[PDB]
Q: 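So that we are looking at the same thing, I have put the structure below in structure tokens.
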Protein chains: 2
Amino acid sequence: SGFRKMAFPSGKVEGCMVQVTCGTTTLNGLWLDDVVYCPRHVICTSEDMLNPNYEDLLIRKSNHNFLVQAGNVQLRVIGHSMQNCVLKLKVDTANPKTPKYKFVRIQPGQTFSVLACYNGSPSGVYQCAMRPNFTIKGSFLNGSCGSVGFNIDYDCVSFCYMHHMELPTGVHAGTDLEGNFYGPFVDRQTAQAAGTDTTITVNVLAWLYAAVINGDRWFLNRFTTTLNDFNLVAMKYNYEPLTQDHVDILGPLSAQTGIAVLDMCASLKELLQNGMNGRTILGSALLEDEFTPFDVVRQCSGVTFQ
Amino acid sequence: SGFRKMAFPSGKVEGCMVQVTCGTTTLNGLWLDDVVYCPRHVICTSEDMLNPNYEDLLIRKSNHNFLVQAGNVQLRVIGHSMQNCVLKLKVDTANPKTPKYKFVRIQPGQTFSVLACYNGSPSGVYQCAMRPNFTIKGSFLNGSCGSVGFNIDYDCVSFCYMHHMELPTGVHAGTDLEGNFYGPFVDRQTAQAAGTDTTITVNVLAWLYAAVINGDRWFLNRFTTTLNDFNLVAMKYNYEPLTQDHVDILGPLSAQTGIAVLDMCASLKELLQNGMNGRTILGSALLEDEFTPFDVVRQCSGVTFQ
Ligand SMILES: *[C@@H](C[N+](=O)[O-])[C@H](C[C@H]1CCNC1=O)NC(=O)[C@H](CC(C)C)NC(=O)OCc1ccccc1
Ligand SMILES: *[C@@H](C[N+](=O)[O-])[C@H](C[C@H]1CCNC1=O)NC(=O)[C@H](CC(C)C)NC(=O)OCc1ccccc1
């Protein structure tokens, strides 16, 4: 028993991290087969940052301008292109540690693991959700750009995130591995504010099922609700609407615990209206929204990779 | 910026996990050089568990009785011994992925990363503290025994924990890699209760410094306290006494922020006596005690491994 914010094992991704330097800027790249992927802002200087012209900046760069190191091994760059906000550096050596992989664009509300890197060396690993406003609440300092987000399914690494920037509010924004930003953000030091965030309702319900599976059941009340009546309460507390698709995704947890999803909704309604009155759930004094239903089933059933 | 419960990258440890089966029980082992380390209760059956006689049980086992697999590769066992509560299985193949490593016995209040494994395959990674009562608050199911705890310092893996059991209260207990239990626990299904737990005061102070470094400063008050006056308040709230050694360990964070440790103690005193009145600190509605001062400096300075 027990329930923790668990990251995926990072070993498959650690083998792909390199250091990319162009001029004085050094940041991380992802080395898969004979390609290194990194944020295109590696080619900016201090006072390009307001509105860089990335195409003009790249045209002035040759292959030798890019210094790529995998540990203490130099990788020779033999070609470069730009795809949206990522650079693709073709190198003369394929990564012998390239895992089975996929590039995925994740939906808001989904979770992934972040491998935070500096100078191409891993610092740590933690679990993040793509917030409804397309930001993540991470831990990133100068030098962390090109750190990636991923999920593992059996033997396959699904890369979903590459780190580019921190908004003046302290939340984080980045791209998929095709270099399209999540949300309405640009790789410029400009005015750009995150949308109002909302709480991921299906995740909160998943975590309450996790609480029940682990023996924390004090919040279960005796009532039921309709989906429409629940959603009127969700709206008032800045929660996302619960859809029939979400009800269906919670079906396995409902079955395991014997608690109908609309009965769990009535318990959540009471928590939102009344608070927790000093009580914790799975050691938290707040309602947790960064566990998906699939995260809960994985952790509560002991799903392994490969 | 930002502050997350960050685990160490797990790749160095993932390469050492194997499956050990003796009879019907399958669990995890740690494969370093030509030795596999695993909990000795792999040799028990269902109705040995109340008071197993491990020496008599092992005497009945030969090398072929132990089936060890590293992925889909069988490792042939060529010798076995027992050291305290761990088995050491000598194998015919040295692990080619053996990292630089050390066996350490950690002190209560220190943190480590856990790589949760089933059938010798990694499931996930999370950060734990050794509680003052020598338990950990983990996430472990049947099949997780032999999962290990570790810290990484540069290139060196310090193994500190091997998982053996869950107490009837839902907290977790295990050994160092010499097979000595942390705390007064035994590898028997007997009556054994954890001591009353206490909150790790130096860690709470470290996390309040982390909050200040990341811009969450609402709780800083204008007062100071003496160490003796602070400790009278700590005792009442079931916090550990703060020692001069702890004051000294908090010196780097004090310097960075300009807040004297006894000034931070006066802010913590007010939080304990008055509560947070619905306010969060680094997204938490409770005082967090599973970050060491060294964890905070590592995360806030971007320390990498190798
Ligand atoms: C990565 C750049 N790199 O590693 O070279 C960096 C991401 C960091 C900065 C601190 N927190 C992060 O998440 N990205 C940028 O610096 C980015 C560059 C633009 C061309 C997109 N700008 C940015 O994030 O500005 C905000 C900021 C900078 C420095 C400290 C705090 C916030
Ligand atoms: C590991 C055993 N294994 O993998 O084969 C297991 C640890 C688990 C059980 C569920 N939670 C854990 O942390 N350890 C034991 O089963 C242990 C064996 C004794 C000989 C020490 N006994 C034990 O933990 O009893 C409590 C328990 C068992 C099963 C479910 C919940 C609690």
Side-chain angles (χ1 to χ4, degrees), chain A residues 1-2 19-22 24-29 38-46 48-52 54 85 114 116-119 135-136 138-147 162-175 181 185-190 192 214-215 302, chain B residues 1-2 19-22 24-29 38-46 48-52 54 85 114 116-119 135-136 138-147 162-175 181 185-190 192 214-215 302:
Chain A
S1 82
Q19 179 176 349
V20 178
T21 307
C22 198
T24 73
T25 295
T26 290
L27 62 80
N28 307 288
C38 71
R40 68 183 176 162
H41 64 68
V42 71
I43 69 177
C44 298
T45 65
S46 324
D48 278 300
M49 293 298 220
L50 284 92
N51 198 8
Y54 288 105
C85 307
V114 170
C117 293
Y118 299 90
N119 298 126
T135 69
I136 68 164
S139 174
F140 295 106
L141 309 161
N142 294 105
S144 63
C145 281
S147 290
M162 180 170 272
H163 187 50
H164 291 243
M165 67 199 311
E166 185 169 312
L167 302 185
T169 54
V171 297
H172 298 112
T175 64
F181 268 93
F185 305 116
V186 294
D187 52 348
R188 273 185 265 171
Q189 298 203 164
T190 204
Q192 47 184 328
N214 286 278
Chain B
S1 82
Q19 179 176 349
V20 178
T21 307
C22 198
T24 73
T25 295
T26 290
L27 62 80
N28 307 288
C38 71
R40 68 183 176 162
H41 64 68
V42 71
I43 69 177
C44 298
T45 65
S46 324
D48 278 300
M49 293 298 220
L50 284 92
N51 198 8
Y54 288 105
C85 307
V114 170
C117 293
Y118 299 90
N119 298 126
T135 69
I136 68 164
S139 174
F140 295 106
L141 309 161
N142 294 105
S144 63
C145 281
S147 290
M162 180 170 272
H163 187 50
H164 291 243
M165 67 199 311
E166 185 169 312
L167 302 185
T169 54
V171 297
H172 298 112
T175 64
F181 268 93
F185 305 116
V186 294
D187 52 348
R188 273 185 265 171
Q189 298 203 164
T190 204
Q192 47 184 328
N214 286 278

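Indexing begins at 1, ligand by ligand and atom by atom, following the structure's order. Every chain is numbered from 1, with letters handed out A, B, ... down the list of sequences.
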Q: For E166(B) versus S1(A), what's the shortest heavy-atom pair and its separation?
A: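 Heavy-atom minimum between the residues: OE2-OG, 2.6 Å.
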
Q: For ligand 1, indicate whether the residue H41(A) contacts it via side chain, backbone, both or neither (heavy-atom separation under 4.0 Å).
A: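 It is the side chain that gets close, since no backbone atom is under 4.0 Å.
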
Q: Specify the protein heavy atom at minimum distance from atom 13 (O) of ligand 2: its residue, its atom name, and the distance to 0.1 Å.
A: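 So the nearest neighbour among protein heavy atoms is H163(B) NE2, 2.7 Å.
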
Q: Who's the nearest protein heavy-atom neighbour of atom 5 (O) of ligand 2, and how far?
A: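 Checking every protein heavy atom, the shortest distance to atom 5 (O) of ligand 2 gives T25(B) CG2, 3.9 Å.
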
Q: Judged on heavy-atom distance to atom 16 (O) of ligand 1, which of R188(A), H172(A), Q189(A) sits nearest?
A: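 The residue whose heavy atom sits nearest atom 16 (O) of ligand 1 is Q189(A).
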
Q: Can you spot which of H164(A), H41(A), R40(A) makes a side chain to side chain donor-acceptor pair (under 3.5 Å) with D187(A)?
A: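 Output: one option passes, namely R40(A).
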
Q: Just distances here: any N/O of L27(A) and N/O of ligand 1 closer than 3.5 Å?
A: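 There is no such contact.
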
Q: Is the shortest heavy-atom distance from the side chain of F181(A) to the side chain of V186(A) under 4.5 Å?
A: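 Not in contact.
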
Q: With rounding to the nearest 0.5 angstrom, report the OG1 to CG distance, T21(A) to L27(A).
A: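 One gets 7.5 Å once the value is rounded to the nearest 0.5 Å.
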
Q: Less than 4.0 Å between atom 28 (C) of ligand 2 and some protein heavy atom, yes or no?
A: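 No; the ligand atom in question lacks any protein heavy-atom contact below 4.0 Å.
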
Q: Taking side chain as C-beta onward, heavy atoms only, is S147(B) less than 4.5 Å from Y118(B)?
A: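 The answer is no; the side chains never approach within 4.5 Å.
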
Q: What's the shortest distance from atom 30 (C) of ligand 2 to any protein heavy atom, and which residue and atom give it?
A: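 Checked against all protein heavy atoms, atom 30 (C) of ligand 2 sits closest to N142(B) OD1, 4.1 Å.
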
Q: With heavy atoms of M49(B) as the reference, note each atom of ligand 2 found under 4.0 Å away.
A: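 This gives 20 (C) as the contact atoms.
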
Q: Donor-acceptor pair, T25(B) side chain versus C22(B) backbone, under 3.5 Å?
A: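 No.
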
Q: Which is closest to atom 3 (N) of ligand 1 by heavy-atom distance: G146(A), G302(B), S147(A), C145(A)?
A: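 Closest candidate by heavy-atom distance is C145(A).
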
Q: How close does the nearest protein non-hydrogen atom get to atom 11 (N) of ligand 2, and which residue and atom is it?
A: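 Going atom by atom, the protein heavy atom closest to atom 11 (N) of ligand 2 ends up being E166(B) OE1, 3.0 Å.
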
Q: Where on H164(A) is there a heavy atom closer than 4.0 Å to ligand 1, on the side chain, on the backbone, on both, or on neither?
A: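 For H164(A), only backbone atoms sit under 4.0 Å from ligand 1.
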
Q: With atoms numbered from 1 as shown, which atoms in ligand 2 lie under 4.0 angstrom from a non-hydrogen atom of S144(B)?
A: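 Answer for ligand 2: 4 (O).
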
Q: So, 4.0 Å and heavy atoms of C44(B): is ligand 2 close enough to count as a contact?
A: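 Distance cut 4.0 Å: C44(B) fails for ligand 2.
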
Q: Within the structure, does at least one protein heavy atom fall under 4.0 Å of atom 7 (C) of ligand 1?
A: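 There is a protein heavy atom less than 4.0 Å from atom 7 (C) of ligand 1.
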
Q: Is the contact between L141(B) and ligand 2 made by the side chain, the backbone, both, or neither, using heavy atoms and a 4.0 Å cut-off?
A: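 Backbone only.
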
Q: To check you understand the geometry: which heavy-atom pair defines the closest contact between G146(A) and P39(A), and what is its length?
A: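 In this case the closest contact between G146(A) and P39(A) is N-CG, 3.4 Å.
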
Q: Is there a donor-acceptor pair under 3.5 Å between the side chain of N28(B) and the backbone N or O of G143(B)?
A: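 Side chain of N28(B) to backbone of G143(B), a donor-acceptor pair under 3.5 Å: yes, one is there.
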
Q: Applying side chain to side chain contact (heavy atoms under 4.5 Å, CB included) to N51(B) and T190(B), what does each step give before you reach the verdict?
A: CA-CA 8 Å; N51(B) 198 8; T190(B) 204; over 6 Å; no

Q: For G170(B) and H172(B), work out which heavy atoms get closest and say how close.
A: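 Closest approach of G170(B) to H172(B): O-CE1, 3.6 Å.
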
